[PDB]
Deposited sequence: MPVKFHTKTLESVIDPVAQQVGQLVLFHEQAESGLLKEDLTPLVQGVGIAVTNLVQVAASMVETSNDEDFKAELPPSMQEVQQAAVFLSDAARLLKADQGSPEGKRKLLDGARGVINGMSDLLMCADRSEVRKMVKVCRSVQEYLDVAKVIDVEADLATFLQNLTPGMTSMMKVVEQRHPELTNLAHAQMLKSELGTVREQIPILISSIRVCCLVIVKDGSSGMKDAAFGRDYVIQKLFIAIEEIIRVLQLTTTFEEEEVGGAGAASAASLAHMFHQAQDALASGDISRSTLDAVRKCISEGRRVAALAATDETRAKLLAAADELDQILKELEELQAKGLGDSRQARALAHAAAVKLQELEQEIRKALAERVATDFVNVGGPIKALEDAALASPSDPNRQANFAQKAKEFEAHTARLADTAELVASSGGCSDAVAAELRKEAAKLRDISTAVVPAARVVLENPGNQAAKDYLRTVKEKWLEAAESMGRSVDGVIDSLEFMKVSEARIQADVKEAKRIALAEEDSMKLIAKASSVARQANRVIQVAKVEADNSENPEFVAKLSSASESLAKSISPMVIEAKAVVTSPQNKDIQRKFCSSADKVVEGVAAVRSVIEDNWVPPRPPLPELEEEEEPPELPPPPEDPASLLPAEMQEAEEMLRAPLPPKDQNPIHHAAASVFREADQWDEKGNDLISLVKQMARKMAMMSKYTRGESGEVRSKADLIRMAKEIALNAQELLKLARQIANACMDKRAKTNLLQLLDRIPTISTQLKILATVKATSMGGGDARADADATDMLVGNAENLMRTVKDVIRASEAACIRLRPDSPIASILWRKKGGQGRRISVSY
C-alpha cells in the first residue's frame, strides 16, 4: 500500500510529518558524522502526538459510519501506525544512549517509514469509504437511466422524471463536493467537465422521450426518435462511467511525433543548417521535414498549393543531393558547402511557411459556412407534405451535411497534427472534433423524425435543440482552429479569394449573366468577410496589447459596417438587372468590402513579429561533480533513470548561454542537483541525508523557477503562449511536494529492511523525478516562446535568448 497524496487532506497531514521524519534522519547523520549530538526526543514526541491524534479522530469514526468494510480495515492500520510511533520512541531512547546503537538506527528508519505509510493508510481507508459511497450513488442513477427506454406515455415520463431528478441532484452535490478536494487539477477538470455534460444532457433526454411519446401514436419515424433518445441515454451513461473512473483514481496523472515536435524538428534543422552542420543526423531531420511537407501537400485545399509544396520538397531534395555530393568530394568544410546549407535552411523556413499557408487555406475553404448545410437540412425536414420531392431534397441535404461536418472534423485533425500547436491545445482540438462527430451522428435522425411527422411540435423543438448543440460544438471547435492557425496567412488567403470572387461578381454584374450567380457569389463574399471578422476577433482577444486591439477593432468594425450595404445593393441589382447605376453602386460597395479586408490584413501585418529568433548569415564541489557527471558519457539506461532525465534537462538548457538569462542558470543548477539525487538513491552498501537534503534543495529551486517563469508569463502579451507556460507552471508545486515526501520515504527504506518497500519507493521516486524533469524542460521551451512578445518596459524584456557559441 503505497503512500498517497491525491487529496488535500492527505498532503496537508503527510507533508509536515514527512518533513519532521526527514529531519530525524538528518540529525542522526549529523551525529553519525560527529558534528553535534542532538537529542531526538522532542521531534519524536511531536511525530508521536500527531500519530496519536490522527488515531483519535480516526478511531472516533469506527462507531459513526455504517459500512463494515471501513470498520474492518481501520484497526490494523491504527495498530500499525501506532507501532511505528513506538519504534520512534525506542529509537529516541537507544540513540540518545548510544549513537552507534544498531537497534536505534533500525527502529529509527523502520518507524520513520512506518509513520508516513501508516498515516497514509489510515487516511486511505476513510478515503476509500467515501469513494465507495460516491460510486454507489453514481451506479444507482446510472442504472436508473436505462428505464427511459420503455417510456411511451407522458405519465411514465413524469414519474421517471420525478425519480431521476433527486438522484441526479444527489450525484452532482457529491461530485461537486469531491473535486475541490483533489490535488490533481486534471482530475478535477475531468470531473467538472463530465458534470457539465450530465447537466446539459438531462433536459435533452426528457425532450427526446417527449418526442417518442408523441410519435408512438402515429399508427412513422419511431426508429430515429428511439435512436435520438438512446443516444442521449448512452452519452449520459458514458459520462457517468468516466465520473466513476476518475473518482477512483488515486494516482498522479502525469506519471502514466506531435505537432510541437514537428515544429521543433523544423527549427532544429534550420538552426543546424544555418550553422555548418550537414551531418547525417541533420539531413535525416531535413528529410523528415520534407516528408511532412509532402504529407500536407496531399491534403491541400487546391492543386496549386499541392504542386507548390511538392515543388519546394523536390527542390530541397535536390539541394540535399548537391550537399551530399559536396561532402563526398571532401568539401564539407568549404564555404560553398556552408552557403548551400544556409540556403537549404532558408528553403526549409519557406517550406514551413507554405505549410502554414496550406493549413490556413484549408480553414478558409472548409469553415467559410459552418451553419449553412445544417440549416438547409432543417429546412428540408420542414418541407410541407405537398412537396412532391421532399424525400430527394432531404436525402441530398443530409448527405451534404454529413460530408460537411466530416470535412470540418478532418480539417481540425489536420490543424492538430501540423499546426505547430502545443500538445495540450492539440489534445483539446481532437477532443472537440470527436465531440463534433459524435453529436453529428444525431442530427440526421432528428431531422428525419421531423420530416415524417410534420404536425409534431415536440419533434420540431428537439430538432432545433440538436441543431444548436451541433452549432455550439462546431463554433467552439472553429474558435480553437482559428486560435492555432496563423492569422496573417488567413488574412492573405482570404484577401486573395475575396479579390477573385468580388472581381467575378462585378463581371457578372456588368455583363448580364444569371442573377443567381450574383447573389451566390455576393453572399459567398459576405461569408468570407465575416470569417475575416471572426478571425480578427480571435486574434484581438489573444493579445493584451491595447493599442493593437484598438486598431484591429477599428479595422474589423469598419469592414463589418460595409458588408450589409453590399448585399442589399446586390439584391437591388437582382431587382433591376438592366440599371447601370445600381450596378455601379454594387461594384463600389464590393470594392469597399475588399478595402476593409485589406485594412484588417494591414493591421495584423503591421503587428507581425518573426516567431523564432532569426538566422545567422556567416562552483561548489557538489555542483562541480554533477557537472562532470552530466558532461561525461551517459550511465547505462537501466541503472540511472533519474540521471538520464536530468541529462535531458541539462542538455536542453545547455545550448543557451547563461549571461542575461537567470532561467537557464536555475534549470542547469536543478539538473545538477537532480543528478546528485540519482547518485544518492543509487547508494546501496550516509546517502540518506544527502538524498533528503538534495530533494529539499531541488524543491526550493523549483520554487524559484516558478517565480521567475511566472514573471515571464505575466509580462507576455500573447495569451496563447502565456497559457502554454502557466499550464506547465501550475503543476510544479505538487510535484516538488511529492518529491520531498517520496525522497523521505525512499531514504528510510534503502539500506536494508523490506525489498518490496524499497522497490515501490524507488519506482515512485523515479517516476516523480522524471515527471519533474519533463515539466522543467517544457518550461524552458514555453518560456522561450513566451519571450517573443514581451512588453517593451518590463525588466523581463532584458532577458537574453541567444543560442550558445
Which deposited-sequence positions, grouped into ranges, are missing C-alpha coordinates? 220-221, 259-265, 628-646, 714-716, 837-846
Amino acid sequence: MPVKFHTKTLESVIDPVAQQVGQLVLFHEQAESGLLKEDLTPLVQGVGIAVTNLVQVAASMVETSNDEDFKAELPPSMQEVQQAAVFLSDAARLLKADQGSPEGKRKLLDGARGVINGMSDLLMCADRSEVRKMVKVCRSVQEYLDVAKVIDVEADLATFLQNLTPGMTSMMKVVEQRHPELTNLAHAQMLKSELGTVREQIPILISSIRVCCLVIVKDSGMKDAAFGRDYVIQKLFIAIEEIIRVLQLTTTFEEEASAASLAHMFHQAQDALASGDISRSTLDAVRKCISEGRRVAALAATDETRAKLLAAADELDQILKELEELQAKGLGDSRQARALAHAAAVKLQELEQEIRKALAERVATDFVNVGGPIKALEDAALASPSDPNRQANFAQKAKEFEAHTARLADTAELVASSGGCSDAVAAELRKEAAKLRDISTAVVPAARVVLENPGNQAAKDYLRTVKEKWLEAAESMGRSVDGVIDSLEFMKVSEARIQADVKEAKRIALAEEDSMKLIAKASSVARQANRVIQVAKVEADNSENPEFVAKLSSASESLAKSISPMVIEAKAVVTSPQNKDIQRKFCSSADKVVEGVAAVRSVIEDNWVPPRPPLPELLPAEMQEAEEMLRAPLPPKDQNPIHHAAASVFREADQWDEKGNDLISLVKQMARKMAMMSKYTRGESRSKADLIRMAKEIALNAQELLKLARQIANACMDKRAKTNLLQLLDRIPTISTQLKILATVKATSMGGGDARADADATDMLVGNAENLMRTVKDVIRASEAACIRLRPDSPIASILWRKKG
From here on, numbers count along this sequence of modelled residues.
So which stretch wins on mean C-alpha B-factor, 631-639 or 599-607? 631-639
Which of the two stretches, 236-244 or 160-168, shows the higher mean Cα temperature factor in the record? 160-168
Per the entry, which of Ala505, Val444, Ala344, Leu463 tops the list for Cα B factor? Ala505
Between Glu770, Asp763, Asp778, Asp754, where does the Cα B-factor run highest in the record? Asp754
Lowest, middle or highest third: where is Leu40 by Cα B-factor in its chain? middle
Using only modelled residues of the chain, where does the Cα B factor of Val47 rank: lowest third, middle third or highest third? middle
Using only modelled residues of the chain, where does the Cα B factor of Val55 rank: lowest third, middle third or highest third? middle
When the modelled residues of the chain are sorted by Cα temperature factor, does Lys192 land in the lowest, middle or highest third? lowest
Could you place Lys679 in the lowest, middle or highest third of its chain by Cα temperature factor, using the values in the record? middle
